[PDB]
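Form deposited in one PDB entry, single chain, as structure tokens, below.
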């Protein structure tokens, strides 16, 4: 690709949060790239592994062919090898953020490589920045939500001088707007992940199966404990079950953090509802395999988990489930819901804990 895009490129660090947060932003980055009509450089996703920061190529997890059906993309590999040499030489590498900020960890700026995963991400692809540009004065920043905003991007950063818009963090709302959720149709698991999910299913999961997502780490309970039921504002992915602006009801700590009793009761019920012959559990911590097996011991079915627990293949398995029960607050669960809603010709059944 020595003939490059006359419109230029967007590259970004999915520098906020873990895989759920990253995917939730990436959907908005797709819609932003599409609107600007610049080619999107597909990110390396980030996985934290005490004390390694691991960059995972887009194409290891998801298929490029499929995402290309939404908008014009190149892989990070393509970008660094075929594109960067001729359109983005070291002296043109500027980072983009809302406003200059004070370094924590020295001239005011974006500080795109301060801290983790910020520095490792750009180090991975040999990028250092020589300057910062700011987009705060464009109405709504990267939203493209207000009149003149797209024009302003095009006016202020035209591709001739700015062939690459390089963003310190994903230029997208978090949590994602309802209007980007259907874009998850264009995220299809790689052959590797699908093979592994199918293998696990044939080896462990008598059909039909219920897949459940259990989010229960100490840090999660503590954010759930902060729910203000009177103000009732969105929290992370909560609009996935409660609708936009929470117009369907009230978010409670029972929804955010279902009790062990609530979980078992609901799992027992869902198993009965479809005549399930197995249960799959994905969790950040406690899979509750024993508690669930005791609860399902009457039905003569069992719960199964991945050993060790591969988050990406767990996501794939849950997307394949006959029935999925998720956590409505979690953006991890939200990946599953969007895939089940949008991946095929018709919605695959999904439920959430604490909601009926």
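Rigid core: the largest C-alpha set superposing within 1.5 Å between the two forms. Residue numbers count along the first chain shown, from 1.
Checked against the other entries of this protein, residue 106 counts as unresolved in at least one third of those spanning it. Mean CA temperature factor is higher for 233 to 241 when stretches 164 to 172 and 233 to 241 are set side by side in the entry. Between the stretches 68 to 76 and 208 to 216, it is 208 to 216 that shows the larger average CA temperature factor. In this structure the maximum Cα B-factor among 152, 247, 101, 192 is found at 247. Of all the options 271, 138, 180, 197, the entry's greatest CA B-factor is assigned to 271. Residue 308: CA B factor in the highest third of modelled residues in this chain (values from the PDB entry). Looking at the C-alpha B-factors along this chain, the one for residue 259 belongs to the highest third.
Looking at the C-alpha B-factors along this chain, the one for residue 110 belongs to the lowest third. In this PDB entry, the Cα temperature factor of residue 93 sits in the bottom third of its chain's modelled residues, the lowest group. When all modelled residues of the chain are sorted by CA temperature factor, residue 34 is found within the lowest third.
Same protein, other form: the form deposited in another entry, not shown, and the subject of what follows.
Summarising the superposition on the core between this form and the one not shown, the listed residues 275, 90, 139, 178 contain exactly one with a Cα shift of 2 Å or larger, 139.
Core-superposed comparison between this form and the one not shown: the CA of residue 149 exceeds or equals a 2 Å shift.
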